[PDB]
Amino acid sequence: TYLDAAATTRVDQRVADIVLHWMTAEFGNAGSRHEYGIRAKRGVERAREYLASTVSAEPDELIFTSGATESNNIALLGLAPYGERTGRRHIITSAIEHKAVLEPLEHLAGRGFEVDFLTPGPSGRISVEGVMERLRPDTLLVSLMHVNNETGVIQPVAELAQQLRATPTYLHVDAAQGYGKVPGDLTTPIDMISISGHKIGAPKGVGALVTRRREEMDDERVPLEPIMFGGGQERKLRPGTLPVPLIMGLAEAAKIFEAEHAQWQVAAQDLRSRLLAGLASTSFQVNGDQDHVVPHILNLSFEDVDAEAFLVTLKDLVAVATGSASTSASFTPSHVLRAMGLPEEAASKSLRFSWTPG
């Protein structure tokens, strides 16, 4: 017996409700300022513990942030002073990273760090060998995204974690596009994991950063230093106050994703197959290794596609996805496909297309 209605389309109704409940509690006459304070504290700690558990981490190994952007900066710039102190100034990353990994690292490159920006080539997938080949005794950090946001191509962060964990080098993973979608990979001993709320259907303005302890090293978490100051919040790593409703929204989005992953997987792949079959006779071209890809992101090159044909098929793609999912379309910044070995004319002619089942 189902008695509910299906109002919200860009955010699951259960996520919306929890957010709303917490906001009205924050705004309303829900007890007194004190009584809500107790409630909000316990709620945040419940969220922290549940979220940490989805990556096999202890509650004290996770902080909340204002987004994966802030998580990435905290993780990467936060390691710079330790790097200067121990003479570990070599960083390895990929040239296909999101700007919230690229830019902090380009900032460090201008401050005396040596940063290697590895190019994956046409597969769009960094290889383990490619990283391990560049590994040095004084390599501070490897940063590798879990899933490329433009192409959906899954990186081998789980394999790398097993190898880097046995070294003094830290691994950071920007999992904004991987969290929830490839859960198994993030239970591996990756040192730092950045998580984005809105990527898994939570409100914008909230994220998380996992910082794992290493048992051998007395019992230290990553030796991060703060980039902001003023308050004890989030183990001093993120001072100020985050909005409690959004944090609780993040935890609910995660919980839905963990529980309904199989359903999401099937519906996303089912739509993928139908979209691909529509694209088969069009001379759009698929970018990235399709053996290593999240089911819900497709990157298409329209280099050989004339303008009128472009418009027709985009209509047909949206229409195929209708009543099954909501869709997104965006031009891909040329740098990502140039890092994948594409010539200029093609690298600036790509469309990112993704869908979220309803």
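Sequential numbering from 1, following the sequence displayed.
Student: If you average the CA temperature factors as listed in the entry, which stretch comes out higher, 273-281 or 226-234?
Tutor: So the stretch with the higher mean C-alpha B-factor is 273-281.
Student: If you average the Cα B factors in the entry, which is higher, 143-151 or 105-113?
Tutor: The entry gives the higher C-alpha B-factor average to 105-113.
Student: Taking the Cα B-factors listed in the entry, which of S66, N299, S56, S32 comes out highest?
Tutor: Answer for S66, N299, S56, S32: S32, with the highest C-alpha B-factor.
Student: Which third of the chain holds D185 when residues are ordered by C-alpha B factor: lowest, middle or highest?
Tutor: It falls in the bottom third of the chain.
Student: Would you mind ranking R39 by its C-alpha B-factor against the rest of the chain and naming the third, lowest, middle or highest?
Tutor: Its C-alpha B-factor, which the entry lists for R39, ranks in the highest third among residues of this chain.
Student: Should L76 be placed in the lowest, middle or highest third of its chain by the C-alpha B factor in the entry?
Tutor: As the PDB entry reports it, the C-alpha B-factor of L76 lands in the lowest third of its chain.
Student: According to the PDB entry, is the CA B factor of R48 in the bottom, middle or top third of its chain, that is, lowest, middle or highest?
Tutor: Its C-alpha B-factor, which the entry lists for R48, ranks in the lowest third among residues of this chain.
Student: Among the modelled residues of this chain, does the Cα B factor of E215 put it in the lowest, middle or highest third?
Tutor: For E215, whose C-alpha B-factor we compare with every modelled residue in the chain, the answer is the highest third.
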